[PDB]
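Accompanying notes for the structure given below.
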Amino acid sequence: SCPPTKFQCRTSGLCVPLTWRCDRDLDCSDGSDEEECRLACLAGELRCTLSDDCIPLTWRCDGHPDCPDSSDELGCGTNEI
Amino acid sequence: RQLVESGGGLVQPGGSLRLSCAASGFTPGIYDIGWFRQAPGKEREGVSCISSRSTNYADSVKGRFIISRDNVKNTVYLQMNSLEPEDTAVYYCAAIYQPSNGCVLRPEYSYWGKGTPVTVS
Amino acid sequence: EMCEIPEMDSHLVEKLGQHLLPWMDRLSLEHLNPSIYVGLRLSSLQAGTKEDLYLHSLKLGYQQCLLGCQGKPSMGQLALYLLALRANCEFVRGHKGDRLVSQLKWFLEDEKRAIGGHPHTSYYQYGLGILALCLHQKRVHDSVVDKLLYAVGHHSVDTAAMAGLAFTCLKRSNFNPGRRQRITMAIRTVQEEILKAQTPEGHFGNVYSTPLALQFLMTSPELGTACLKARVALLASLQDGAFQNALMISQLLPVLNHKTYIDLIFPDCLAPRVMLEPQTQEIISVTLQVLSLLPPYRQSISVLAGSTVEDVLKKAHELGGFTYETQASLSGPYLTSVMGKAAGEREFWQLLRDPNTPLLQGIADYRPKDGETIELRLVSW
Ligand code: CNC
Ligand SMILES: [Ca+2]
Ligand SMILES: [Ca+2]
Ligand SMILES: [Ca+2]
């Protein structure tokens, strides 16, 4: 009973955009979306190794993955790699 | 820091121009940039803008001026085509953080430039 | 000492919630209000199956417009969206979740650069952002906290109150231990400032300031005499029916239920909640007036009684020779431009009534009495 652009969660009966179907994130209560599936930076900044995003060096090792690939948080707990 | 406009100067109708908004201390991917014009005795109007992560034009400019970003520079260019008299004004570029999908044309940006004079006869 | 709002019968909270219930069915991004969802969940009341649709609409609009619209949502509104996540016993999480948080960190970072100065938004939105992050145990750099720390120019009770909430979370979470001693001075001084702003009637600078001032006061042990003075104050104004604004109602319900935003550290989604269930002849004449512009505008407009200042402005526009512009906010229509002049930076169009007294409600809540003159004034702040 969902419009053409959205996928309807099987249990909850709610409407979820197809961008959310198969994105590794559980956006429906049961997980229906994820099942049946398959320029340079500045001075005090830092480049994510595999993406083109820039993040200030202070978001490195801060507890939160500020890069898509999580690289800002990789080496933490040990000198270098 | 701030942003600087240039590329403006006298031309006659039917001409071309290129305005250059060069942006210093701004992280490349995260701000909306937009071009704004204020003609003498007139409120500042929204001309064009380039999206943070797309393009929006003001309909008086539809098909006339086109925004773009130089990959090495971190500068955004408003390329000006099919010039008419009422496109005479000083031209400002501006910077705002608004990861909302589009950039906006309404005059609420947070970092403003000096303006570069563009006049036409 | 100690700061208590004693227990009350269901009816005053009941009808206070009946002013929230119509919004639960207004899911356009233009109207979606995370502050409302938070205050319901933190309250004695509930709207049942509507709450899940309401949350879903937020998770829809906010995630699609910021990660994929018509403008906005705002970064400050994103902070309230996070609080709504806690209000449902969730941590921001996942790929979409991680990106949202980084966005809101960028906000806190941009604002920190601009200060170097004022923030582009407000110190309120600044501490609101820190507090949402701290509620999902995400950390912000010591340098970010420092901007807030120094900010306690002159500030309203709400601003200090929200700062206080941000710092209380930092302390209780042991976050930013580099500044530990300075957060507790800030918490202390935020307390001493709110008490100074108590009005003779008993309010912490305004009736609307009192909910948030109480939330912050409720978290950190003159104290109780001021808080009793506050409760009489508050209670009188509820009988006078001062709380009509949804956002205001949403900041006050948590207090009536003995909760603050800081309780979202440890959300209690199961505690049971009471289920919320769902013309004039007169014509009055208001004189609308604008003096910040030359030559001044002053006219009498004739509208039905019970009309709001908004109702007047529309009518002044219809009759000719008056224009204004508003923009949507979580609290209703905000007045942005009057007569072609728009509020500049550090400017706003203030609303007043006779005599030179600023209104405590906006253009869509204030209902002028027959004969009141209403000013729109372009004021610096
Ligand atoms: C700083 C601030 C404060 N303000 Co002003 C104050 N002081 N405000 C705003 C500033 C906005 C600009 C900015 N850079 O933020 C400021 C001072 C210019 C603005 C204007 C005044 N404020 C005044 C009050 C009393 C409102 N404001 C509050 C929201 C009071 C707030 C305190 C509080 N307890 O909430 C407050 C501390 C912070 C608002 C915020 O950031 N919310 C969080 C944000 C995430 O949500 P938001 O909805 O997107 O925020 C925007 C709106 O709230 C909008 N807005 C701000 N105030 C209002 C008021 C109304 C009535 C409406 C409809 C929208 C707004 O501006 C924000 C974005 O710029 C409200 C609680 C404050 C209070 N303590 O009483 C109060 C309304 C109470 C009620 N019953 O609804 C307004 C009436 C005062 C007047 N006499 O003119 C007036 C707005 C008039 C108008 N043009 O329509
Ligand atoms: Ca998904
Ligand atoms: Ca990080
Ligand atoms: Ca944008």
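Following the order of the structure tokens, first chain is A, next is B, and so on, with residues numbered from 1 inside each chain and ligands from 1 in the order they appear.
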Query raised in the report: When the cut-off is 12 Å and we count only C-alpha atoms, which residues of chain C are near chain A, given as a PyMOL selection string?
Result: chain C and resi 49+52-57+59-61+63-64+67-68+92-106+109-110+113+133+136-144+175-176
Please report, as a PDB file with N, CA, C and O atoms, in the first residue's frame, each residue of segment 3-74 of chain B to which DSSP assigns strand (DSSP E) when run on this structure's backbone.
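Generated output (out-v3.pdb):
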ATOM      1  N   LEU B   3      36.587  35.042   1.156  1.00  0.00           N
ATOM      2  CA  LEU B   3      36.618  34.648  -0.240  1.00  0.00           C
ATOM      3  C   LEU B   3      36.663  35.915  -1.090  1.00  0.00           C
ATOM      4  O   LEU B   3      36.236  36.987  -0.648  1.00  0.00           O
ATOM      5  N   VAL B   4      37.232  35.805  -2.292  1.00  0.00           N
ATOM      6  CA  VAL B   4      37.583  36.959  -3.119  1.00  0.00           C
ATOM      7  C   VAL B   4      36.971  36.792  -4.504  1.00  0.00           C
ATOM      8  O   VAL B   4      37.086  35.726  -5.116  1.00  0.00           O
ATOM      9  N   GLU B   5      36.313  37.839  -4.993  1.00  0.00           N
ATOM     10  CA  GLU B   5      35.740  37.828  -6.332  1.00  0.00           C
ATOM     11  C   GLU B   5      36.598  38.629  -7.307  1.00  0.00           C
ATOM     12  O   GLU B   5      37.215  39.642  -6.952  1.00  0.00           O
ATOM     13  N   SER B   6      36.615  38.160  -8.552  1.00  0.00           N
ATOM     14  CA  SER B   6      37.289  38.844  -9.649  1.00  0.00           C
ATOM     15  C   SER B   6      36.768  38.260 -10.957  1.00  0.00           C
ATOM     16  O   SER B   6      35.923  37.359 -10.970  1.00  0.00           O
ATOM     17  N   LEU B  17      31.241  36.862 -19.942  1.00  0.00           N
ATOM     18  CA  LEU B  17      32.056  37.179 -18.779  1.00  0.00           C
ATOM     19  C   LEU B  17      32.255  35.920 -17.956  1.00  0.00           C
ATOM     20  O   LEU B  17      31.507  34.946 -18.075  1.00  0.00           O
ATOM     21  N   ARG B  18      33.269  35.961 -17.099  1.00  0.00           N
ATOM     22  CA  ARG B  18      33.531  34.878 -16.157  1.00  0.00           C
ATOM     23  C   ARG B  18      33.919  35.493 -14.820  1.00  0.00           C
ATOM     24  O   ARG B  18      34.960  36.151 -14.723  1.00  0.00           O
ATOM     25  N   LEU B  19      33.095  35.281 -13.793  1.00  0.00           N
ATOM     26  CA  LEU B  19      33.412  35.690 -12.433  1.00  0.00           C
ATOM     27  C   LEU B  19      34.021  34.543 -11.659  1.00  0.00           C
ATOM     28  O   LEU B  19      33.557  33.400 -11.730  1.00  0.00           O
ATOM     29  N   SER B  20      35.038  34.887 -10.893  1.00  0.00           N
ATOM     30  CA  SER B  20      35.851  33.936 -10.170  1.00  0.00           C
ATOM     31  C   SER B  20      35.674  34.192  -8.683  1.00  0.00           C
ATOM     32  O   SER B  20      36.012  35.276  -8.186  1.00  0.00           O
ATOM     33  N   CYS B  21      35.126  33.199  -7.989  1.00  0.00           N
ATOM     34  CA  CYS B  21      35.079  33.165  -6.536  1.00  0.00           C
ATOM     35  C   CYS B  21      36.128  32.170  -6.058  1.00  0.00           C
ATOM     36  O   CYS B  21      35.931  30.953  -6.161  1.00  0.00           O
ATOM     37  N   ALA B  22      37.235  32.696  -5.539  1.00  0.00           N
ATOM     38  CA  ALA B  22      38.339  31.896  -5.034  1.00  0.00           C
ATOM     39  C   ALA B  22      38.242  31.844  -3.518  1.00  0.00           C
ATOM     40  O   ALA B  22      38.234  32.893  -2.862  1.00  0.00           O
ATOM     41  N   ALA B  23      38.186  30.629  -2.966  1.00  0.00           N
ATOM     42  CA  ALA B  23      37.887  30.403  -1.556  1.00  0.00           C
ATOM     43  C   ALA B  23      39.109  29.872  -0.822  1.00  0.00           C
ATOM     44  O   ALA B  23      39.705  28.867  -1.231  1.00  0.00           O
ATOM     45  N   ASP B  32      28.063  25.013   0.850  1.00  0.00           N
ATOM     46  CA  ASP B  32      27.383  25.585  -0.300  1.00  0.00           C
ATOM     47  C   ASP B  32      28.045  26.913  -0.655  1.00  0.00           C
ATOM     48  O   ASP B  32      28.309  27.737   0.228  1.00  0.00           O
ATOM     49  N   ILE B  33      28.298  27.132  -1.949  1.00  0.00           N
ATOM     50  CA  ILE B  33      28.758  28.420  -2.460  1.00  0.00           C
ATOM     51  C   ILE B  33      27.700  28.939  -3.419  1.00  0.00           C
ATOM     52  O   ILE B  33      27.094  28.161  -4.169  1.00  0.00           O
ATOM     53  N   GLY B  34      27.481  30.249  -3.389  1.00  0.00           N
ATOM     54  CA  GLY B  34      26.507  30.881  -4.264  1.00  0.00           C
ATOM     55  C   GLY B  34      26.933  32.271  -4.684  1.00  0.00           C
ATOM     56  O   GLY B  34      27.700  32.951  -3.991  1.00  0.00           O
ATOM     57  N   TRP B  35      26.418  32.700  -5.831  1.00  0.00           N
ATOM     58  CA  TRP B  35      26.677  34.031  -6.357  1.00  0.00           C
ATOM     59  C   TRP B  35      25.440  34.898  -6.163  1.00  0.00           C
ATOM     60  O   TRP B  35      24.315  34.461  -6.426  1.00  0.00           O
ATOM     61  N   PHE B  36      25.654  36.117  -5.698  1.00  0.00           N
ATOM     62  CA  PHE B  36      24.595  37.075  -5.431  1.00  0.00           C
ATOM     63  C   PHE B  36      24.925  38.392  -6.107  1.00  0.00           C
ATOM     64  O   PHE B  36      26.076  38.843  -6.076  1.00  0.00           O
ATOM     65  N   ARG B  37      23.909  39.033  -6.675  1.00  0.00           N
ATOM     66  CA  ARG B  37      24.076  40.348  -7.282  1.00  0.00           C
ATOM     67  C   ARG B  37      23.214  41.379  -6.556  1.00  0.00           C
ATOM     68  O   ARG B  37      22.078  41.087  -6.157  1.00  0.00           O
ATOM     69  N   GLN B  38      23.792  42.568  -6.336  1.00  0.00           N
ATOM     70  CA  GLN B  38      23.073  43.763  -5.884  1.00  0.00           C
ATOM     71  C   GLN B  38      23.301  44.861  -6.920  1.00  0.00           C
ATOM     72  O   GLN B  38      24.434  45.322  -7.099  1.00  0.00           O
ATOM     73  N   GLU B  45      19.845  39.960  -4.742  1.00  0.00           N
ATOM     74  CA  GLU B  45      19.089  38.843  -5.292  1.00  0.00           C
ATOM     75  C   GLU B  45      19.977  37.610  -5.414  1.00  0.00           C
ATOM     76  O   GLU B  45      21.201  37.714  -5.540  1.00  0.00           O
ATOM     77  N   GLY B  46      19.346  36.438  -5.380  1.00  0.00           N
ATOM     78  CA  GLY B  46      20.067  35.187  -5.502  1.00  0.00           C
ATOM     79  C   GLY B  46      20.170  34.735  -6.938  1.00  0.00           C
ATOM     80  O   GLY B  46      19.148  34.577  -7.617  1.00  0.00           O
ATOM     81  N   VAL B  47      21.395  34.502  -7.408  1.00  0.00           N
ATOM     82  CA  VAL B  47      21.620  34.287  -8.832  1.00  0.00           C
ATOM     83  C   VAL B  47      21.765  32.804  -9.122  1.00  0.00           C
ATOM     84  O   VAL B  47      21.031  32.235  -9.941  1.00  0.00           O
ATOM     85  N   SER B  48      22.720  32.176  -8.447  1.00  0.00           N
ATOM     86  CA  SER B  48      23.136  30.821  -8.766  1.00  0.00           C
ATOM     87  C   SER B  48      23.869  30.260  -7.557  1.00  0.00           C
ATOM     88  O   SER B  48      24.375  31.009  -6.718  1.00  0.00           O
ATOM     89  N   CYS B  49      23.920  28.934  -7.466  1.00  0.00           N
ATOM     90  CA  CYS B  49      24.655  28.324  -6.367  1.00  0.00           C
ATOM     91  C   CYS B  49      25.021  26.893  -6.727  1.00  0.00           C
ATOM     92  O   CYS B  49      24.327  26.239  -7.511  1.00  0.00           O
ATOM     93  N   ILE B  50      26.114  26.418  -6.134  1.00  0.00           N
ATOM     94  CA  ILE B  50      26.640  25.079  -6.371  1.00  0.00           C
ATOM     95  C   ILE B  50      26.507  24.277  -5.083  1.00  0.00           C
ATOM     96  O   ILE B  50      26.708  24.804  -3.984  1.00  0.00           O
ATOM     97  N   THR B  55      22.887  21.902  -8.859  1.00  0.00           N
ATOM     98  CA  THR B  55      22.822  23.324  -9.180  1.00  0.00           C
ATOM     99  C   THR B  55      21.416  23.897  -9.106  1.00  0.00           C
ATOM    100  O   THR B  55      20.440  23.215  -9.436  1.00  0.00           O
ATOM    101  N   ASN B  56      21.322  25.161  -8.696  1.00  0.00           N
ATOM    102  CA  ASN B  56      20.068  25.906  -8.647  1.00  0.00           C
ATOM    103  C   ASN B  56      20.269  27.277  -9.282  1.00  0.00           C
ATOM    104  O   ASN B  56      21.235  27.978  -8.959  1.00  0.00           O
ATOM    105  N   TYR B  57      19.351  27.658 -10.173  1.00  0.00           N
ATOM    106  CA  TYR B  57      19.388  28.930 -10.880  1.00  0.00           C
ATOM    107  C   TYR B  57      18.109  29.704 -10.604  1.00  0.00           C
ATOM    108  O   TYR B  57      17.108  29.143 -10.156  1.00  0.00           O
ATOM    109  N   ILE B  66      25.976  30.073 -15.751  1.00  0.00           N
ATOM    110  CA  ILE B  66      26.162  28.675 -15.359  1.00  0.00           C
ATOM    111  C   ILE B  66      27.330  28.582 -14.364  1.00  0.00           C
ATOM    112  O   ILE B  66      28.451  29.005 -14.684  1.00  0.00           O
ATOM    113  N   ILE B  67      27.081  27.952 -13.201  1.00  0.00           N
ATOM    114  CA  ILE B  67      28.143  27.791 -12.156  1.00  0.00           C
ATOM    115  C   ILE B  67      28.950  26.512 -12.376  1.00  0.00           C
ATOM    116  O   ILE B  67      28.377  25.512 -12.831  1.00  0.00           O
ATOM    117  N   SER B  68      30.193  26.497 -11.887  1.00  0.00           N
ATOM    118  CA  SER B  68      31.067  25.301 -12.001  1.00  0.00           C
ATOM    119  C   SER B  68      32.252  25.420 -11.041  1.00  0.00           C
ATOM    120  O   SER B  68      32.566  26.536 -10.645  1.00  0.00           O
ATOM    121  N   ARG B  69      32.903  24.304 -10.711  1.00  0.00           N
ATOM    122  CA  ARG B  69      34.040  24.322  -9.752  1.00  0.00           C
ATOM    123  C   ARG B  69      35.313  23.779 -10.412  1.00  0.00           C
ATOM    124  O   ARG B  69      35.232  22.712 -11.040  1.00  0.00           O
ATOM    125  N   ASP B  70      36.443  24.479 -10.274  1.00  0.00           N
ATOM    126  CA  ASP B  70      37.730  23.969 -10.812  1.00  0.00           C
ATOM    127  C   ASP B  70      38.313  22.973  -9.830  1.00  0.00           C
ATOM    128  O   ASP B  70      38.441  23.320  -8.638  1.00  0.00           O
TER     129      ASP B  70
END
**Report entry** Pick from C:313, C:84, C:226, C:75, whichever lies nearest to chain B using only C-alpha atoms
**Finding:**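 Among the listed residues, C:75 lies closest to chain B.
Atom pair atom CA of residue 87 of chain C / atom CA of residue 267 of chain C: separated by 6.3 Å.
With only C-alpha atoms and all ligand atoms as the atoms that count, the minimum distance from ligand 4 to the choices B:15, B:40, B:8, B:102 is reached by B:102.
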Could you work out which residues of chain C fall inside 6 Å of chain B? Count only C-alpha atoms, and format the result as a PDB file with N, CA, C and O atoms, in the first residue's frame.
ATOM      1  N   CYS C  65      16.923  14.312   3.693  1.00  0.00           N
ATOM      2  CA  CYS C  65      17.252  15.655   3.245  1.00  0.00           C
ATOM      3  C   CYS C  65      18.700  16.029   3.520  1.00  0.00           C
ATOM      4  O   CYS C  65      19.179  17.030   2.966  1.00  0.00           O
ATOM      5  N   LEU C  66      19.338  15.274   4.401  1.00  0.00           N
ATOM      6  CA  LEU C  66      20.708  15.632   4.819  1.00  0.00           C
ATOM      7  C   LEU C  66      21.708  14.616   4.267  1.00  0.00           C
ATOM      8  O   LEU C  66      22.896  14.941   4.235  1.00  0.00           O
ATOM      9  N   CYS C  69      16.180  18.375  -1.711  1.00  0.00           N
ATOM     10  CA  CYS C  69      15.016  18.541  -0.797  1.00  0.00           C
ATOM     11  C   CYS C  69      14.460  19.956  -0.955  1.00  0.00           C
ATOM     12  O   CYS C  69      14.640  20.532  -2.042  1.00  0.00           O
ATOM     13  N   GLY C  71      15.015  22.435   1.361  1.00  0.00           N
ATOM     14  CA  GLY C  71      15.781  23.344   2.226  1.00  0.00           C
ATOM     15  C   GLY C  71      15.774  22.763   3.617  1.00  0.00           C
ATOM     16  O   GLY C  71      14.724  22.223   4.000  1.00  0.00           O
ATOM     17  N   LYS C  72      16.892  22.816   4.336  1.00  0.00           N
ATOM     18  CA  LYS C  72      16.820  22.316   5.720  1.00  0.00           C
ATOM     19  C   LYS C  72      16.533  20.818   5.656  1.00  0.00           C
ATOM     20  O   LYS C  72      16.345  20.317   4.550  1.00  0.00           O
TER      21      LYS C  72
END
**Report entry** Distance query segment 36-53 of chain A at most 8 Å, only C-alpha atoms, self and fewer than 6 positions along chain excluded, as a list in words
**Finding:**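 In the requested form, the answer reads residues 22, 67, 68, 69, 71 and 72 of chain A; 25, 26, 27, 28, 29, 71, 72, 73 and 74 of chain B.
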Hey, can you spit out that residue selection with C-alpha atoms as a compact mmCIF listing (two decimals), in the first residue's frame?
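Written out: part_32.txt:
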# COMPACT_ATOMS: atom_id res chain seq x y z
CA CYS A 22 20.39 -3.05 0.92
CA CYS A 67 35.39 8.82 7.52
CA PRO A 68 33.23 6.43 5.47
CA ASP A 69 36.03 3.83 5.59
CA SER A 71 40.26 5.18 8.68
CA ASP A 72 40.37 8.06 11.18
CA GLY B 25 40.24 28.60 4.34
CA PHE B 26 37.22 26.43 3.52
CA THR B 27 37.27 22.57 3.62
CA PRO B 28 36.60 21.51 -0.03
CA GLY B 29 33.54 19.35 0.20
CA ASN B 71 39.11 20.75 -9.36
CA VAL B 72 42.67 22.05 -8.64
CA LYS B 73 41.61 25.63 -7.58
CA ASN B 74 38.79 25.30 -4.90
Query - Using only C-alpha atoms and all ligand atoms: which of C:182, C:252, C:119, C:74 has the shortest distance to ligand 4 - result: C:74
Requested in this report: Write as a PyMOL selection string the residues around ligand 1, taking 6 Å as the cut-off and counting only C-alpha atoms and all ligand atoms.
Outcome: chain C and resi 76-77+121-122+124-125+158-159+208-209+245+329-336+348-352+358-362
Report task. Considering only C-alpha atoms and all ligand atoms, state which residue in the set A:75, A:6, A:60, A:54 is at the smallest distance from ligand 2. Result -> A:6
Requested in this report: DSSP on the backbone, then: every residue of chain A marked helix (DSSP H, G or I), written as a ChimeraX atom specification.
Outcome: /A:18-20,57-59,71-73
**Report entry** Computed interatomic separation between atom CA of residue 31 of chain C and atom CA of residue 47 of chain C (Å)
**Finding:**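 Interatomic distance here is 17.4 Å.
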Query raised in the report: So what do you get for atom CA of residue 30 of chain A versus atom CA of residue 43 of chain C, distance-wise?
Result: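 Interatomic distance, atom CA of residue 30 of chain A to atom CA of residue 43 of chain C: 27.6 Å.
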Query - Exercise: residue 16 of chain C partners within 10 Å, only C-alpha atoms, chain neighbours under 3 positions left out, as a PyMOL selection string - result: chain C and resi 10-13+19-21+45+238+241+243-244+246+249-250+252-253
Emit the selected residues as a PDB file, in the first residue's frame, including C-alpha atoms.
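Output below, filename out17.pdb:
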ATOM      1  CA  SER C  10      -4.102  14.322  35.513  1.00  0.00           C
ATOM      2  CA  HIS C  11      -6.253  17.196  34.122  1.00  0.00           C
ATOM      3  CA  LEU C  12      -3.707  20.044  33.983  1.00  0.00           C
ATOM      4  CA  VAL C  13      -1.232  17.755  32.169  1.00  0.00           C
ATOM      5  CA  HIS C  19      -2.662  21.180  22.662  1.00  0.00           C
ATOM      6  CA  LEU C  20       0.062  18.780  21.442  1.00  0.00           C
ATOM      7  CA  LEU C  21      -2.148  16.105  19.870  1.00  0.00           C
ATOM      8  CA  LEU C  45       1.387  11.371  28.455  1.00  0.00           C
ATOM      9  CA  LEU C 238      -0.821  27.488  33.534  1.00  0.00           C
ATOM     10  CA  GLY C 241      -3.333  29.315  30.170  1.00  0.00           C
ATOM     11  CA  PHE C 243       1.267  27.641  27.431  1.00  0.00           C
ATOM     12  CA  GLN C 244      -0.243  27.408  23.919  1.00  0.00           C
ATOM     13  CA  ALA C 246       3.742  23.385  20.990  1.00  0.00           C
ATOM     14  CA  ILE C 249       4.535  22.750  25.851  1.00  0.00           C
ATOM     15  CA  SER C 250       7.157  20.220  24.797  1.00  0.00           C
ATOM     16  CA  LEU C 252       7.492  21.990  29.973  1.00  0.00           C
ATOM     17  CA  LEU C 253       5.980  18.482  30.018  1.00  0.00           C
TER      18      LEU C 253
END
Report task. Identify, on the basis of only C-alpha atoms, every residue whose closest approach to residue 11 of chain B does not exceed 10 Å; exclude the query and any residue fewer than 4 positions from it along the same chain; express the result as a ChimeraX atom specification. Result -> /B:15-17,83,88,118-121
Please produce an output containing N, CA and C atoms for each residue in the selection, written as a CSV table (one decimal), in the first residue's frame.
chain,number,residue,atom,x,y,z
B,15,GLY,N,27.5,39.9,-24.7
B,15,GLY,CA,28.9,39.5,-24.5
B,15,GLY,C,29.0,38.4,-23.4
B,16,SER,N,30.2,38.0,-23.2
B,16,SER,CA,30.6,36.9,-22.3
B,16,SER,C,31.4,37.5,-21.1
B,17,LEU,N,31.2,36.9,-19.9
B,17,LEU,CA,32.1,37.2,-18.8
B,17,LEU,C,32.3,35.9,-18.0
B,83,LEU,N,24.4,38.5,-22.5
B,83,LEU,CA,24.3,39.7,-21.6
B,83,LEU,C,23.3,40.7,-22.0
B,88,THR,N,23.6,44.3,-14.9
B,88,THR,CA,24.7,45.2,-14.4
B,88,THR,C,24.5,45.3,-12.9
B,118,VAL,N,30.8,44.4,-12.0
B,118,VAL,CA,30.5,44.1,-13.4
B,118,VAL,C,29.5,45.1,-13.9
B,119,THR,N,29.9,45.9,-14.9
B,119,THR,CA,29.0,46.8,-15.6
B,119,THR,C,28.8,46.5,-17.1
B,120,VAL,N,27.7,46.9,-17.6
B,120,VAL,CA,27.4,46.6,-19.1
B,120,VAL,C,26.7,47.9,-19.6
B,121,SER,N,26.9,48.2,-20.9
B,121,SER,CA,26.4,49.4,-21.6
B,121,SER,C,25.1,49.1,-22.4
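Using only C-alpha atoms, the shortest contact distance between residue 86 of chain B and any of B:116, B:12, B:24, B:2 is found at B:12.
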Query raised in the report: Taking into account only C-alpha atoms, which residue in the set B:7, B:52, B:44, B:87 is nearest to chain A?
Result: B:52
